[PDB]
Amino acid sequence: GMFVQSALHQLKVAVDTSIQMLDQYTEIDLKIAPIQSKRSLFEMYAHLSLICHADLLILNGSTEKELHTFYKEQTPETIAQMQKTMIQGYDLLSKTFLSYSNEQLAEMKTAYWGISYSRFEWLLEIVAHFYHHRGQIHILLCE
(Lines of atoms letter the chains of each structure in order from A and count residues from 1; the text may use other names and numbers.)
(Lines give C-alpha, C1' and ligand atoms only; values in the text may rest on other atoms or scores of the structure.)
Protein backbone atom coordinates (compact mmCIF):
# COMPACT_ATOMS: atom_id res chain seq x y z
CA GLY A 1 0.00 0.00 0.00
CA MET A 2 2.42 2.59 1.39
CA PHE A 3 5.37 0.40 0.29
CA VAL A 4 4.09 -0.49 -3.20
CA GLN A 5 3.17 3.17 -3.83
CA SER A 6 6.66 4.25 -2.75
CA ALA A 7 8.31 1.75 -5.14
CA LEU A 8 6.03 2.79 -8.05
CA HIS A 9 6.80 6.51 -7.41
CA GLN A 10 10.55 5.70 -7.50
CA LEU A 11 9.98 4.05 -10.92
CA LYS A 12 7.66 6.78 -12.28
CA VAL A 13 10.28 9.50 -11.56
CA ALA A 14 12.89 7.33 -13.34
CA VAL A 15 10.59 6.84 -16.37
CA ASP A 16 9.42 10.49 -16.39
CA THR A 17 13.06 11.73 -16.34
CA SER A 18 14.06 9.25 -19.11
CA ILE A 19 11.18 10.53 -21.29
CA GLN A 20 12.25 14.21 -20.93
CA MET A 21 15.97 13.29 -21.45
CA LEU A 22 14.92 11.76 -24.84
CA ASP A 23 13.50 15.18 -25.94
CA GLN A 24 17.08 16.68 -25.81
CA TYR A 25 18.41 14.35 -28.64
CA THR A 26 17.58 13.28 -32.23
CA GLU A 27 17.47 9.67 -33.51
CA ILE A 28 20.63 10.35 -35.60
CA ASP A 29 22.45 11.95 -32.61
CA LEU A 30 21.72 8.85 -30.42
CA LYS A 31 22.64 6.47 -33.28
CA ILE A 32 26.10 8.09 -33.72
CA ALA A 33 27.12 8.70 -30.05
CA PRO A 34 29.59 7.73 -28.61
CA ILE A 35 31.91 8.22 -31.63
CA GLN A 36 34.58 5.58 -30.70
CA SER A 37 32.46 2.79 -29.10
CA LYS A 38 30.88 -0.67 -29.52
CA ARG A 39 27.41 0.46 -28.22
CA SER A 40 25.01 3.26 -29.28
CA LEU A 41 22.82 5.56 -27.15
CA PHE A 42 19.87 4.69 -29.41
CA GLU A 43 20.07 0.90 -28.85
CA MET A 44 20.53 1.42 -25.08
CA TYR A 45 17.59 3.86 -24.72
CA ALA A 46 15.62 1.42 -26.92
CA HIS A 47 16.48 -1.41 -24.45
CA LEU A 48 15.65 0.88 -21.46
CA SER A 49 12.14 1.49 -22.82
CA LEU A 50 11.32 -2.27 -22.75
CA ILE A 51 12.48 -2.94 -19.14
CA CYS A 52 9.05 -2.47 -17.49
CA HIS A 53 7.30 -4.66 -20.10
CA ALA A 54 10.04 -7.28 -20.18
CA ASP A 55 10.48 -7.64 -16.40
CA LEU A 56 6.71 -7.84 -15.93
CA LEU A 57 6.67 -10.67 -18.53
CA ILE A 58 9.52 -12.41 -16.60
CA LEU A 59 7.52 -12.04 -13.34
CA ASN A 60 4.42 -13.47 -15.12
CA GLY A 61 6.22 -16.71 -16.10
CA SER A 62 7.51 -15.86 -19.58
CA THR A 63 10.13 -18.14 -21.14
CA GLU A 64 13.67 -17.31 -22.18
CA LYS A 65 12.72 -17.45 -25.90
CA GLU A 66 9.80 -15.04 -25.46
CA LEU A 67 12.15 -12.48 -23.82
CA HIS A 68 14.78 -13.10 -26.52
CA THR A 69 12.14 -12.59 -29.26
CA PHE A 70 10.64 -9.58 -27.39
CA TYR A 71 13.94 -7.62 -27.14
CA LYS A 72 15.05 -8.75 -30.65
CA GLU A 73 11.84 -7.89 -32.56
CA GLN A 74 9.82 -5.44 -30.33
CA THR A 75 12.56 -2.82 -29.69
CA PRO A 76 11.29 0.65 -30.65
CA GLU A 77 12.56 2.32 -33.87
CA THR A 78 11.78 5.96 -32.92
CA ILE A 79 12.11 8.18 -29.86
CA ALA A 80 8.30 8.77 -29.78
CA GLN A 81 7.57 5.00 -29.57
CA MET A 82 10.37 4.66 -26.97
CA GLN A 83 8.54 7.23 -24.82
CA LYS A 84 5.10 5.66 -25.48
CA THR A 85 6.47 2.20 -24.61
CA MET A 86 7.87 3.41 -21.23
CA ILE A 87 4.51 4.99 -20.31
CA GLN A 88 2.62 1.81 -21.33
CA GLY A 89 4.98 -0.45 -19.42
CA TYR A 90 4.79 1.74 -16.34
CA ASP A 91 1.01 1.91 -16.62
CA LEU A 92 0.67 -1.93 -16.84
CA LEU A 93 3.23 -2.48 -14.04
CA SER A 94 1.37 0.04 -11.83
CA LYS A 95 -2.06 -1.42 -12.56
CA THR A 96 -0.63 -4.95 -11.93
CA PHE A 97 1.06 -4.04 -8.62
CA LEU A 98 -1.84 -1.89 -7.41
CA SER A 99 -4.14 -4.97 -7.83
CA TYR A 100 -2.09 -7.23 -5.52
CA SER A 101 -2.99 -8.12 -1.94
CA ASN A 102 -0.23 -8.59 0.68
CA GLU A 103 -0.50 -12.37 -0.03
CA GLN A 104 0.05 -11.73 -3.76
CA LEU A 105 2.91 -9.24 -3.04
CA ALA A 106 4.44 -11.97 -0.81
CA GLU A 107 3.96 -14.72 -3.48
CA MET A 108 7.19 -16.38 -4.69
CA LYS A 109 7.70 -16.35 -8.47
CA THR A 110 10.64 -17.99 -10.30
CA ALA A 111 12.23 -16.26 -13.34
CA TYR A 112 13.10 -18.47 -16.35
CA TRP A 113 16.78 -18.43 -15.27
CA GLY A 114 15.94 -19.96 -11.84
CA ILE A 115 16.11 -17.09 -9.29
CA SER A 116 12.95 -16.94 -7.18
CA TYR A 117 11.70 -13.69 -5.61
CA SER A 118 8.52 -12.42 -3.98
CA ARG A 119 6.38 -10.26 -6.31
CA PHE A 120 7.19 -7.23 -4.17
CA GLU A 121 10.94 -7.84 -4.49
CA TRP A 122 10.47 -8.21 -8.30
CA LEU A 123 9.02 -4.66 -8.34
CA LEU A 124 12.21 -3.57 -6.52
CA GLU A 125 14.39 -5.55 -8.97
CA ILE A 126 12.67 -3.69 -11.84
CA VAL A 127 13.56 -0.39 -10.09
CA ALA A 128 17.18 -1.63 -9.74
CA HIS A 129 17.22 -2.87 -13.37
CA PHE A 130 15.92 0.47 -14.71
CA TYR A 131 18.32 2.59 -12.59
CA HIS A 132 21.27 0.32 -13.57
CA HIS A 133 20.66 0.66 -17.34
CA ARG A 134 19.91 4.38 -16.84
CA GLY A 135 23.28 4.70 -15.02
CA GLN A 136 25.07 3.09 -18.02
CA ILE A 137 23.37 5.61 -20.36
CA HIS A 138 24.17 8.56 -18.02
CA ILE A 139 27.96 8.05 -18.05
CA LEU A 140 27.93 7.58 -21.89
CA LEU A 141 25.90 10.85 -22.31
CA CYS A 142 29.27 12.47 -21.31
CA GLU A 143 30.62 11.07 -24.71
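Residue indices: 1-based, along the sequence shown.
Q: 34-42 versus 66-74: which one carries the higher mean Cα B factor per the record?
A: Comparing averages over the C-alpha atoms only gives 34-42.
Q: Please compare 17-25 with 127-135 and say which has the higher mean C-alpha temperature factor in the record.
A: Per the deposited B-factors, the answer is 17-25.
Q: Going by the deposited entry, which of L105, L98, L59, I79 has the highest CA temperature factor?
A: Result of the comparison over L105, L98, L59, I79: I79.
Q: Once the chain's modelled residues are ordered by C-alpha B factor and cut into thirds, is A54 in the lowest, middle or highest one?
A: Lowest third - that is where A54 ends up once the chain's C-alpha B-factors are sorted.
Q: Sort the modelled residues of this chain by their C-alpha B factor and say whether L92 lands in the lowest, middle or highest third.
A: For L92, the deposited C-alpha B-factor lands in the lowest third.
Q: Comparing against every modelled residue in the chain, figure out the third that the C-alpha B-factor of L8 lands in (lowest, middle or highest).
A: Tercile = lowest for this residue's CA B-factor.
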